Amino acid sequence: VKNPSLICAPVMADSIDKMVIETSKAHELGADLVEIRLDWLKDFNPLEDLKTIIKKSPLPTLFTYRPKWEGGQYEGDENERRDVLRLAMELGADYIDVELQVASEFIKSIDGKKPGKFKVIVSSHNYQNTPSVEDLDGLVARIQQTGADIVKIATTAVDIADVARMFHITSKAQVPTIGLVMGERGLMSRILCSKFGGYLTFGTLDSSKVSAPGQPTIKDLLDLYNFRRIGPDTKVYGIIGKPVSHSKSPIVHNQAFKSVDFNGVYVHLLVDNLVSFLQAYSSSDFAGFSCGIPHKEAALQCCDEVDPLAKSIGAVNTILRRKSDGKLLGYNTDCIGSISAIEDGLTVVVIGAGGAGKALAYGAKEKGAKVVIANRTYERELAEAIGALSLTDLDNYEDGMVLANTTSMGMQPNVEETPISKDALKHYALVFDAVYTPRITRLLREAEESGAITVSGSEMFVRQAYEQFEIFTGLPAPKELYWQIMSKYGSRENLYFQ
């Protein structure tokens, strides 16, 4: 429906003076409005304090006095709570949020007494699940019937497939709708509002100031996900994985998209079940995916056509949805990214026998000295398929070898986990770690002080990434750009997007 989504900053400071500073900070960061969470004030003098906030806020104000029975902090008399909201309205609030449960009564109380600019949000919060389209429709209709100006429905993501139902509601409900899905699995619903008709989304002043599960920062909305550029025609891409919150794929692809003015947006896709995910998001809206752990090997099966190199490897890390058919095309950019990063660093030992191990093993047998496979589960077979070893014995194994970790071992937050004893490392000339979060794993740290050559995950990451760009956009990989983007925007540690 109508306008691009607004960005609202929750203001939850426990004193009036700190709230005022928070509204200023909201203006600074680029928020469009603020939600004043009155129920978070430790001491509250309604007449005096409401007046102060409305006077001093540089942004339009939305007031919320959230009761315990709707997930809030306010306990006490219900009429007094409504008095405050009515007061906010007549003191010049731009919005109040009133709970569906008491909305009929409340809107009756201000009938013919509303100021000209004033809008009433009527909200419903579901902390269990995301109901069927049938039930959401009934919920919209009920909220409309209270006399709401704006409908607000927050649900909870049990699975990422849930978000599609919320998109359908914001997309087609003929009433201004704030429709958001909480939880890490609902994060996509907070980002893509401007594509699917959402009236507003909440972005935090910073990560410590979250008012409901899954909210990103205002800064990430604007600068990372390029919120203002997202529109009805924007194509959606994302990294399919579990976990997913460490991935810097959305950082690099969104910068690149923006840099070449490509109408695409890239998000995190926390996916429990690959098959159900691809079925839930089969529309043209969803144009391509990167595939991470644990879905690489799996994605090879869900693809309708598979690139020879990908079939020869047995794993897909990149999925393109063809405009023509609607059919999924699978590629693998892990192989060349791994090999090229290693060669640039200059028999190879490949840790792990998942999708990345497959790609790195395959490419290693192709380009000179060749390969030993090492994995947790010994059966992972791979070593026979390309010409084995278990990591129980990996410490026990030439003195100028190459080691290549392709597992998640060492990945944040498991920063003291290494796949091999430091003592075994001085028998290696070079060691490659696919893990790029953190940049210096325990493996790479210990390998460096073992005299060996270290090639970090980012060397692999950037290479496989600009190849995914090319697949995604059909535009020549802007390699120099992707290096520049990673350096400038991809260098911070301990980031979780969730």
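The first residue of the shown sequence is 1; numbering continues from there.
**Student:** Just how many deposited residues go unmodelled from residue 311 to residue 312: none, 1 to 3, 4 to 9, or 10 or more?
**Tutor:** The entry has no gap there; residue 311 and residue 312 are joined directly.
**Student:** Could you tell me how many residues of the deposited sequence sit unmodelled between residue 397 and residue 398 (none, 1 to 3, 4 to 9, 10 or more)?
**Tutor:** Unresolved stretch here: 1 to 3 residues.
**Student:** Should the higher mean CA B-factor in the entry be assigned to 367-375 or to 171-179?
**Tutor:** Higher of the two, by average CA B-factor, is 367-375.
**Student:** So, looking at the entry's B-factor column for Cα atoms, which has the higher mean, 439-447 or 66-74?
**Tutor:** If you average the C-alpha B-factors of 439-447 and of 66-74, the larger mean comes out for 439-447.
**Student:** Name the residue from 342, 280, 192, 85 with the greatest C-alpha temperature factor listed in the entry.
**Tutor:** Highest C-alpha B-factor among the listed options: 342.
**Student:** Hey, out of 220, 94, 184, 304, whose CA B-factor is highest in the deposited coordinates?
**Tutor:** By C-alpha B-factor in the record, 304 ranks first.
**Student:** Going by the recorded CA B-factors, say which third of the chain residue 472 sits in, lowest, middle or highest.
**Tutor:** It belongs to the middle third of the chain when residues are ordered by C-alpha B-factor.
**Student:** Sorting the chain's modelled residues by C-alpha B-factor, tell me whether residue 53 ends up in the lowest, middle or highest third.
**Tutor:** As the PDB entry reports it, the C-alpha B-factor of residue 53 lands in the middle third of its chain.
**Student:** Among the modelled residues of this chain, does the Cα B factor of residue 199 put it in the lowest, middle or highest third?
**Tutor:** According to the entry, residue 199 has a C-alpha B-factor in the chain's lowest third.
**Student:** Grab the CA temperature factor for residue 42 from the record and place it in the lowest, middle or highest third of its chain.
**Tutor:** Highest third.
**Student:** Rank-wise, by C-alpha B-factor, drop residue 287 into the lowest, middle or highest third of its chain.
**Tutor:** Middle third by C-alpha B-factor.
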